[PDB]
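Report on the structure given below.
All of the numbers you see were taken from the coordinates with simple rules; none came from a lab. Here the Cβ positions follow ideal geometry from the backbone for every residue, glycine too, while neighbour counts run over all protein chains shown.
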Amino acid sequence: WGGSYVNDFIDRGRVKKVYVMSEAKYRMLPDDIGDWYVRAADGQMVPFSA
Amino acid sequence: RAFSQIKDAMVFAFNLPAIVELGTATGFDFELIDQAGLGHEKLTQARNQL
């Protein structure tokens, strides 16, 4: 939901940026914040609404 | 000369110019630009052409 720039790839000999972020369609209304879950230490995937 | 007649080792000798830090020989200094894409190699082919 807020992008993040990992680090720097290289395009055609011109160092340029690299960002990880959600595809638009999975960040447009509050109800989407229900798609993301998050590996806990027990491997069990848990979701924010929790 | 005396340094010619030396194994695989170009050994020159030469007298520095009047104003060490300043514009040398009447010669020229040219720089060929990659002005786009073309990698190292393209430019090497590029250079060796001219």
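Each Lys and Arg adds +1 at its Cβ and each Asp and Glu adds -1 at its Cβ; summed about the Cα centre, chain A shows a dipole of about 380 debye.
Farthest towards the positive end of the charge dipole of the protein assembly as shown, among the residues B:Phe14, A:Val38, A:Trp1, is the Cα of B:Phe14, using unit charges on the Cβ of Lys, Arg, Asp and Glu. With the convex hull constructed from alpha-carbon coordinates only, chain B shows a mean projected area of 6.5 nm² over all directions. Taking a cut-off of 23 Å between Cα atoms, list the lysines near A:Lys16, but don't count ones fewer than 8 places away on the same chain. Cα-Cα hits under 23 Å: B:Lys42. Averaging over all projection directions, the Cα-based convex hull of the protein assembly as shown occupies 17.2 nm² in the image plane.
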